[PDB]
Amino acid sequence: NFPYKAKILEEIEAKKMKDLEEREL
Amino acid sequence: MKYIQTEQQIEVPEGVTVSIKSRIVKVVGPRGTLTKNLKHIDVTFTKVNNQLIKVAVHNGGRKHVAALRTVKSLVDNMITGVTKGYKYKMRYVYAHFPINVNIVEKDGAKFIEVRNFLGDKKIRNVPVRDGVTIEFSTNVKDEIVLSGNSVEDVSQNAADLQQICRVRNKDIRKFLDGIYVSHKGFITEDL
Amino acid sequence: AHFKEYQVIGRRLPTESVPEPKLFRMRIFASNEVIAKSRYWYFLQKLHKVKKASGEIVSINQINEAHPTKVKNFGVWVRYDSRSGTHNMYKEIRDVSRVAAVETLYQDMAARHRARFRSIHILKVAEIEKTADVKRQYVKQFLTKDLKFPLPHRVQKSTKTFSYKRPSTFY
Amino acid sequence: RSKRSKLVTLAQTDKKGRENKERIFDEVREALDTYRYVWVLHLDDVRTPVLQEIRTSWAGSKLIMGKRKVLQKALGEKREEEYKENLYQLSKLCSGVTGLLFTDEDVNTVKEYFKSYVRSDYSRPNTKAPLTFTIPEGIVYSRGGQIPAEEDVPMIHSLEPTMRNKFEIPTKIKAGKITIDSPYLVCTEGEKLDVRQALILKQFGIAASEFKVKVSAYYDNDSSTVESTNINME
RNA sequence: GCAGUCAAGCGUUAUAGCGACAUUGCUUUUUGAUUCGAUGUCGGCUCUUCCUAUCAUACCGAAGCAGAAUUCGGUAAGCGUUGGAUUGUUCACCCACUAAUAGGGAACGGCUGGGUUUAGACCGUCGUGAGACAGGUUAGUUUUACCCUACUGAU
RNA sequence: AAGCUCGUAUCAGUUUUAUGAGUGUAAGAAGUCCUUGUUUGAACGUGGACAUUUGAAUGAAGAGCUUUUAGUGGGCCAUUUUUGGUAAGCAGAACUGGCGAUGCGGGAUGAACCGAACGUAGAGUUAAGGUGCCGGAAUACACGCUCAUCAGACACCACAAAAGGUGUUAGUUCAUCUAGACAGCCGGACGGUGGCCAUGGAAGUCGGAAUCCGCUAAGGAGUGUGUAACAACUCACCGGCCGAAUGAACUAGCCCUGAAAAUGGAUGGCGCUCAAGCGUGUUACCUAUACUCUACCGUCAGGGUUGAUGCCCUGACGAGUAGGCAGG
RNA sequence: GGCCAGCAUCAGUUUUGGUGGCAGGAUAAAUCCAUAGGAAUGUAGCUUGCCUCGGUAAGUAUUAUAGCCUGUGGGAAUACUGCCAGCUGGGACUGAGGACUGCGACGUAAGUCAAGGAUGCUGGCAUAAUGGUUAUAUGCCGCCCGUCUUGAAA
Ligand SMILES: [Mg+2]
Ligand SMILES: [Mg+2]
Ligand SMILES: [Mg+2]
Ligand SMILES: [Mg+2]
Ligand SMILES: [Mg+2]
Ligand SMILES: [Mg+2]
Ligand SMILES: [Mg+2]
Ligand SMILES: [Mg+2]
Ligand SMILES: [Mg+2]
């Protein structure tokens, strides 16, 4: 029922994509 | 849920005048006048024109809005009673003992007298409520007609007449004698 | 009490050959800064593996409402503790301030869900920018055009024991 | 709490979904390319054997029924969404129970068939009464005096509550037979019939009305224009 | 009761472990055939009130309830709920009358028979004995009220 | 209770540091440095020397050694560890609290519950508990929930199956929806086919097994009523009219059931229903032998003093059974 | 001079008002002003449908004959929290001590003072008036002692 679910999902996907490489290099 | 405002509409035909003051409703039509006391419910009546009347509840709950719809139905029934009337047809049947139904006057009170129900010596008496007329039918066998402007009064009189002739201590699958409401409708039959 | 919103920024204590630890920021609703720092350390230990004796508080700053005199619709995403586990809940509150919306939510939890301040977690408070995104009827009924309603059966408060006139509830 | 409870039945047939409408949509839009003449037909209150007879007599063509909105969406509601040129007039000519007839047969042959085709049908409510019906006095028979009473089997006793309550006919049970005290006129010839009168006529089995398929118009592929037929549109 | 089966759930990411409703087997097998150790407290008479978990009486609902009679159930305690036989035992059982012969509490956390019955006596079992008992039988004095209160009547 | 000594002396139901275990030990005169004697190393020593920056924190004015004698002893309850469990209660160990010997405020009333320990008074402020009336103190303010044909104002255990309810409120997850949502009305609901066996009869609907194909928008070799069999109605499903939300399964709060006897009686009573009930928030207010200030009594302690076991100055303390000492 | 009071100026403790000056935060956020965009719970205007002589139903139109929201910039005020060896009003309880000594303050000065504990002015009564004793009334509290037993109204 939260309205900005799409924004939350986009933010968490961006965080995952950043943290994938923040530890590698 | 506490809805802010819930309303219902009541449609008034051309020949009917309805006056409301402190939830005392008076309905006047071609067939006469009817009065209702609705002071046990907190509703607000509003007039927008001579053909439409709104009834509203402000900041109410489920029971309150249920009472609102009930009020609308009661006022509609009053309008229907003053503009068309109500008419209940009942039939009385028997297996062996002919049921005798008459209209009698006990100090001018208009009782309905029932004799010989299942051969009983007891004489059953049902008073006739004010505003309803009793007529034994024409070219229909063993039929009574109750007419009037108040559907509550007509239906209650019919129910009392039906319940005065209950069969006691017998199998109702076998013993079928009684007085039963056969039809409900309106007095006017233009169409 | 009357809630205030704070930002708390903390970090681990710097160590040898591992300097400048990463900073972490939380937005905390609390009545005062002592409670705010306690909530910050509690949530930091619950989420990260950071302890109060191993970390420090870098900053704590009160966050005022940007437009406190503008009526807003708020969606509040919260979670609470239970024996089955952590359950989500979404509520909608019409108010002019984030802190007052949070206070209304806490009172509603205390009334209906029989919940407590330490057991209720404020996860997100977001202003609903568009009126079409409001999805609760008890809030949508106040968004209607040209909204009017009376206040029937007004009860006045008497300062005297005896009144010489029968009262009226008109308005 | 305090809600209505839905009745639970254990049957063998489950409900249809959006996939059925999608299949009808695709079939209509394929038949539009496959065939040449697209007729719009009105078939209100049609019996399924009669519809199957029409389908059998039109072997090689296609008759597609279904939801009117689905058929109109397949044909294209407006000019910017129509599947073919000038198809929006044919789409907006749909009304009620609409059937789409895709064919390559001659226009004159189609018109001749739909002008010469008619079948006996039960009298419907709000339609003109094709005859005058009066149940005769005495024992009520299954045909109600249309055929000789000696030939006719008497009406079964189980229908007496239906006749007394639903049909509002004053009936009695004498020795297991339905009886009336006087003849009962139900419908008069040349008079609008309501649901109860239609039910009584259907129960006694009188079928004097006629069913004629109505043809609104048709659309031609090559000319790309709609021509009004005005067949059985009285 | 024990042993097992199933699975609405609970649990889990390791088809581990709990587990409602149901259900199987033994007790208990097909033709309506034919008394076995209460180890310590019992029953009466007179008379009052209370409970309902209702036997009868009142009113209802259901049932292959035709009628008559009966069965199950609901409200209901207003009103009733007996006379006798039997002690080689009755922690009961028969006969009859009756509308019916319902269950229980206020004890069991005044007269009166069983019973705590002490001194007399006999039989049985045990003990070398004084004696004790697995036991059985019989005989055996406790005696207010004018006090306060309550209750009934009276100044 | 008597002596002797010492008194930066002796320490501590505490923490810290180092080191163990999954609470123990240690933290300086019962030291340290050089010098090389005892049986090239451990372990014992010759002579000289370093202090009030003598070896963490906090607190403490009395500590140590000899003599010397009155009353007492198998108690209850509770918390925390641990071992075995029972229909259920629980039973055996270790440690620590409360009570006996103890008044005071509150919990209506009370052996172990909450607060607080007690000279005689005055003033002020509070604890715990409360502020509709009994009754001192807001029928305060604010946001929600609840209606009980004997609600609740309770101990947080049991009745209790997180079971039943068409009471009410708030949530969660799935689905349907202007190529049309929930209801309603009307129409269709077909053909092979009266599918096979069985039956006196049995055609979707007493039964036993197949449960197919076609045509469809859709229609079961049929969900029920009905017939001796058919007939007829129905629903499974589809469509027409209507036009905007709706359905299902769970979770939580409050409410009702979730078993009760027996003289007439109990949230303490009255009574209370947008409470005087339940959850929560903000303030104000009431009052203990408690806290703060003052006076007075006594005791103890530290100082001064050419009726001296008197006088003067200052400070802190004051519960008590057996028992002890002292003054009357 | 014995009894009971009233007022004034002080001291100790305490309670309850009014008013002033400062300091911090996003050097409060806001309101307000300027500027640039944006939409609807769509303001003016336009269109058509047909409505009681134009009030409406639905399309368009982003400030027009109302307004609103967001970003940026500017100058303030106020709230909240805290500090003052700032000022000042009302009320209650207390007055221990008894030559001087001390520490201070205002003062050039002699002196004065709220600075090691209350003085000054005034009234009435002068006796059952205050007070004591005794008999009772009212509000609240209070179970019958000793002994023996955990423990006792039980
Ligand atoms: Mg009963
Ligand atoms: Mg003897
Ligand atoms: Mg008071
Ligand atoms: Mg019980
Ligand atoms: Mg109270
Ligand atoms: Mg409250
Ligand atoms: Mg003063
Ligand atoms: Mg006096
Ligand atoms: Mg007392």
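Below, all heavy atoms of this structure are taken into account, side chains as well, without hydrogens, waters or symmetry copies. To find a chain, count down the sequence lines: A is the first, B the second, and so on, and within it residues start at 1.
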With a non-hydrogen cut-off below 4.0 angstrom, is [X] in contact with a base, only sugar-phosphate, or nothing?
X: D:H42; result: nothing
X: C:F3; result: nothing
X: D:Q52; result: base
X: C:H67; result: sugar-phosphate
X: D:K21; result: base
X: D:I54; result: nothing
X: C:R114; result: base
X: D:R23; result: sugar-phosphate
X: C:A66; result: sugar-phosphate
X: C:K72; result: nothing
X: D:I24; result: sugar-phosphate
X: C:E129; result: nothing
X: D:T48; result: base
X: D:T9; result: sugar-phosphate

[X] vs [N]: side-chain N/O to OP1/OP2 distance below 4.0 Å:
X: C:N64; N: G:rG25; result: no
X: D:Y122; N: F:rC186; result: no
X: B:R166; N: E:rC60; result: yes
X: D:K15; N: F:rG247; result: no
X: C:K70; N: G:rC68; result: no
X: D:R55; N: F:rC215; result: no
X: C:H113; N: F:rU251; result: no
X: D:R47; N: F:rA189; result: no

Which residue lies toward the 5' end of RNA chain E, B:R168 or B:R173, if each is placed at its nearest nucleotide? B:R168

If you find the nucleotide of RNA chain E closest to C:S84 and the one closest to B:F175, which residue's nucleotide is nearer the 5' end? C:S84

Ring geometry between C:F3 and C:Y106 (parallel below 30°, tilted from 30 to 60°, perpendicular above 60°): parallel

Kindly assign one of parallel, tilted or perpendicular to the pair D:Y35 and D:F102, based on the angle between their ring planes and the thresholds 30° and 60°. tilted

Check the distance between [N]'s [atom2] and [X]'s [atom1] and give it to me in whole angstrom.
X: D:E53; N: F:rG191; atom1: CD; atom2: P; result: 13 Å
X: D:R29; N: F:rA179; atom1: CZ; atom2: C1'; result: 10 Å
X: C:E5; N: G:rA28; atom1: CD; atom2: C1'; result: 15 Å

Among C:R98, C:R94, C:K91, the one residue meeting side chain to side chain contact (heavy atoms under 4.5 Å, CB included) with C:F74: C:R98

Is there a Watson-Crick or G-U wobble partner for G:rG25 with both distances under 3.5 Å, and if so, which one is it? none

Who is the Watson-Crick or G-U wobble partner of F:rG144, with both distances under 3.5 Å? F:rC278

Could you check whether the six-membered base rings of [N] and [M], which sit next to each other in the strand, have centres less than 5.5 Å apart and planes tilted by under 30 degrees?
N: G:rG142; M: G:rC143; answer: no
N: F:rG318; M: F:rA319; answer: no
N: E:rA132; M: E:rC133; answer: yes
N: E:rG124; M: E:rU125; answer: yes
N: G:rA34; M: G:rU35; answer: yes

Label [N] north or south, basing it on the sign of the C1'-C2'-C3'-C4' dihedral.
N: F:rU168; answer: north
N: G:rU47; answer: north
N: E:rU90; answer: south
N: F:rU216; answer: north

Paired, [N] vs [M], Watson-Crick or G-U, distances below 3.5 Å:
N: F:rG226; M: F:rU287; value: no
N: F:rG73; M: F:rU40; value: no
N: F:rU299; M: F:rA189; value: no

Spell out, as yes or no, whether a donor-acceptor pair under 3.5 Å connects the side chain of [X] to the backbone of [Y].
X: B:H64; Y: B:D42; answer: yes
X: D:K84; Y: D:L32; answer: yes
X: C:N61; Y: C:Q7; answer: no

Relative to the 5' end of RNA chain F, which residue comes earlier, D:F25 or D:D14, by the nucleotide with the nearest heavy atom? D:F25

Assert: residue with more 5' nearest nucleotide on RNA chain F, out of D:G96 and B:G61, is B:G61

Looking at B:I172, I want to see if its CD1 is surrounded by more than 12 non-hydrogen atoms of other residues, nucleotides or ligands under 6.0 Å. no

Minimum-distance nucleotide (side-chain atoms of D:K16 versus F:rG219, F:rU280, F:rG144): F:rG219

The nucleotide from F:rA170, F:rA179, F:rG240 with an atom nearest the side chain of C:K91 is F:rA170

I'd like to know if C:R112 reaches the base of F:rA252 with its side chain such that a donor and an acceptor end up less than 3.5 angstrom apart. no

Before you tell me yes or no, could you show the steps for D:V140 and D:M163 under side chain to side chain contact (heavy atoms under 4.5 Å, CB included), namely the whole-Å CA-CA distance, both residues' side-chain angles and the distance that decides it to 0.1 Å? CA-CA 11 Å; D:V140 173; D:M163 296 184 60; 4.2 Å; yes

Under 3.5 Å side-chain donor-acceptor pair for D:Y83 and D:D33: yes

